[PDB]
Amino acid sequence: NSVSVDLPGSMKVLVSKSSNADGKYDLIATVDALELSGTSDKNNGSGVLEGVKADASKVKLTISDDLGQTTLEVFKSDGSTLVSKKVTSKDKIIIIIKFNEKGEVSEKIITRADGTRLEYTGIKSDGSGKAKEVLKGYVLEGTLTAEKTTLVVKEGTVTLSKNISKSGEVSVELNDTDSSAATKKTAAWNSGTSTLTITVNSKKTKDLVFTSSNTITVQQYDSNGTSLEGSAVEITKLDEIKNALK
């Protein structure tokens, strides 16, 4: 009989073994106890399924033709206005959006394949909101504008700002209001290696690397201020970022 097909987003769909009079395949799925059904032009589990929640909300599951992406949408009872939209893409990133009563984006949570997250909440009509990055072991907090996300850590008179542009590019800056020339931190960002180099009293002191694995590492320079020493240590807690800023 029907064929079970594995789907992105931790779902299954059953597709009929054979097509109907019109050449179309029947689809059924159950998602958290809700039964969905549909028909498809294809025989592989792709297509659209629909159902209706107990509270009359409409639900649609759309499975891309190559099975790489699923979209699970919930609408108000007439089916016109979105309430939520979950997309699991072929790179296994999950994006879940919640909408306000008008169907405008109000929250967006991005879960990367490694489990780290970007959380955007209280989003307003200008694309501003609150931002958090949830990393392994700690969380960074800040704000969203239509230009960039800025996540901030403060220690003493130092403010570290991690920026994520609208297009996803990471850059980092450091600003210190310390009135002592002997202790004031400055830093330079190297986009080529995603590394922030901190200087104090005209010598390099540390490299902070913002890795492609969504981690931060810290490594010290020798007293010469020119060669790195030892080996980089991965940050495990927000307290350790603050330590690097001392």
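The numbering used is simple: start at 1 and walk along the sequence shown.
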Comparing 96-104 with 152-160, the one whose average Cα B-factor in the PDB entry is higher: 96-104
Residue range whose averaged C-alpha B-factor is higher in the record, 61-69 or 174-182: 174-182
Among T145, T121, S77, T116 - the residue whose C-alpha B-factor is largest in the record: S77
Member of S37, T205, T217, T193 with the greatest C-alpha B factor (per the PDB record): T193
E141, C-alpha B-factor rank within chain (lowest, middle or highest third): middle
Chain-wide C-alpha B factor ranking for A232, given as lowest, middle or highest third: lowest
Chain third (lowest, middle, highest) by recorded CA B-factor, residue given as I198: lowest
Chain-relative CA temperature factor third for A188: middle
Within-chain third of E50 by Cα B-factor, per the entry: lowest
